[PDB]
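Visitor: Structure provided below as structure tokens; questions to follow.
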Amino acid sequence: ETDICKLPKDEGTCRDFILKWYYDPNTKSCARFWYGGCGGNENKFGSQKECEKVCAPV
């Protein structure tokens, strides 16, 4: 599906931490990660449900 969903998990930098979700193409599912608030990429969603809608196969 879109190549944003295949970007690596990127915890980024800064210390304004928010728990986000990213799509893991190796499990074909979304997982949690901590984002520091700076320096991330777009494989980054506020909820598992939104990550799954955008990126999951099914």
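For the structure tokens, the naming scheme is as follows: chains receive sequential letters (A, B, ...) according to their order of presentation, residues are indexed from 1 within each chain, and ligands are indexed from 1 in presentation order.
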Quick one: pick out all helix (DSSP H, G or I) residues within chain A from a backbone DSSP run and write them as JSON, numbers by chain.

Guide: {"A": [3, 4, 5, 6, 48, 49, 50, 51, 52, 53, 54, 55]}

Visitor: Hey, what's within 12 Å of residue 55 in chain A if we count only C-alpha atoms and toss same-chain stuff fewer than 5 positions away? As a ChimeraX atom specification, please?

Guide: /A:1-7,21-25,27-31,42-45,48-50

Visitor: Choose the residue, out of A:32, A:39, A:52, A:57, that has the smallest atom-to-atom separation from residue 16 in chain A; count only C-alpha atoms.

Guide: A:39

Visitor: Do a neighbour search on residue 14 in chain A at 8 Å with only C-alpha atoms, toss out local chain neighbours closer than 3 positions, and write the hits as a PyMOL selection string.

Guide: chain A and resi 17+36-38

Visitor: Those residues with N, CA and C atoms, as a PDB file, in the first residue's frame please?

Guide:
```
ATOM      1  N   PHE A  17       7.256  13.711  24.835  1.00  0.00           N
ATOM      2  CA  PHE A  17       6.947  12.339  24.426  1.00  0.00           C
ATOM      3  C   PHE A  17       5.467  12.057  24.305  1.00  0.00           C
ATOM      4  N   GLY A  36       9.452  11.469  20.372  1.00  0.00           N
ATOM      5  CA  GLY A  36       9.949  12.554  21.209  1.00  0.00           C
ATOM      6  C   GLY A  36       9.426  13.926  20.871  1.00  0.00           C
ATOM      7  N   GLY A  37       8.833  14.116  19.703  1.00  0.00           N
ATOM      8  CA  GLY A  37       8.212  15.367  19.293  1.00  0.00           C
ATOM      9  C   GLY A  37       8.880  16.100  18.172  1.00  0.00           C
ATOM     10  N   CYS A  38      10.085  15.650  17.782  1.00  0.00           N
ATOM     11  CA  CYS A  38      10.873  16.269  16.728  1.00  0.00           C
ATOM     12  C   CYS A  38      11.429  15.172  15.850  1.00  0.00           C
TER      13      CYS A  38
END
```

Visitor: Check chain A with DSSP on the backbone and list each residue it calls strand (DSSP E), as a PyMOL selection string.

Guide: chain A and resi 18-24+29-35
